[PDB]
Asks: 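This is the structure I want to talk about, given as structure tokens.
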Amino acid sequence: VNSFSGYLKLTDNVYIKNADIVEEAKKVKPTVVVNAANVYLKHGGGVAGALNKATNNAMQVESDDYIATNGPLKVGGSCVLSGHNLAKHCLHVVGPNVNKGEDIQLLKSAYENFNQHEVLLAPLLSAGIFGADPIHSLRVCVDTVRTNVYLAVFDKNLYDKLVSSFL
Ligand SMILES: COc1ccc2[nH]cc(CC(=O)O)c2c1
């Protein structure tokens, strides 16, 4: 048994809810929250800016030190950093950004990072301002992630479309 509440069960291991991932993280304090990161860990907007804003910019300060030491992530790659006030850990995962011309086939590689963690709170990768089709992102998630994933979908309209179209 875990602390996640009000999720619809899609498969053996994938759950979904219409929720603000920031508000969900603050309530649950999960072991792992996933950030929709870019390779520079520049948390300007979307899930990254909202998560970063909720940490009072401490996520961005930690991230800048990580990049100064290690250099940029790979598209499809990840790193584990602090979860600050939101979670034990933040798994920063880089899905391909369609609005920058990145290979959508890298979305499966991105979701494979989640299999290194038994339970995660996550957004859909490559959707929203990343320019991928969220229906596609949910299908890749279900067909790739084998660990227990709790998906938070911000847009109520999109949530309802994802549920009603799910195969
Ligand atoms: C605006 O920044 C982002 C970044 C990644 C995202 N993944 C999915 C969504 C849409 C949603 O949850 O409604 C989204 C939005």
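Ligands are counted one by one from 1 in listed order, and the atoms in each one are counted from 1 as well. The figures that follow rest on heavy atoms only: side chains count, while hydrogens, waters and symmetry mates do not. The first residue in the sequence is number 1, and the count goes up from there.
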Asks: With sequence neighbours left out, which residue pairs that include part of residues 141-152 fulfil the salt bridge (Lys or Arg N to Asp or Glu O under 4.0 Å) condition?
Replies: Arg139-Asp143

Asks: Quick one: name the residues clustered hydrophobically with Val1, using the 4.5 Å side-chain heavy-atom rule over I, L, V, M, F, W, Y, and just say none if it's on its own.
Replies: none

Asks: Using a threshold of 4.0 angstrom between heavy atoms of the protein and any atom of ligand 1, which residues qualify?
Replies: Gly46, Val47, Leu124, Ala127, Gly128, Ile129, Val153, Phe154, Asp155

Asks: Return the orientation label for the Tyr7 and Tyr150 ring planes: parallel under 30°, perpendicular over 60°, tilted otherwise.
Replies: perpendicular

Asks: Would you list the pairs meeting side-chain hydrogen bond (donor to acceptor under 3.5 Å, both in side chains) in which at least one residue belongs to residues 34-44, sequence neighbours left out?
Replies: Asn35-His43, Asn35-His92, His43-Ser63

Asks: Using the side-chain contact (heavy atoms from CB on, under 4.5 Å) rule, pick out the option among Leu124, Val34, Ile21 that qualifies with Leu151.
Replies: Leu124

Asks: Is the closest side-chain heavy-atom distance between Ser78 and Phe114 below 4.5 Å?
Replies: no

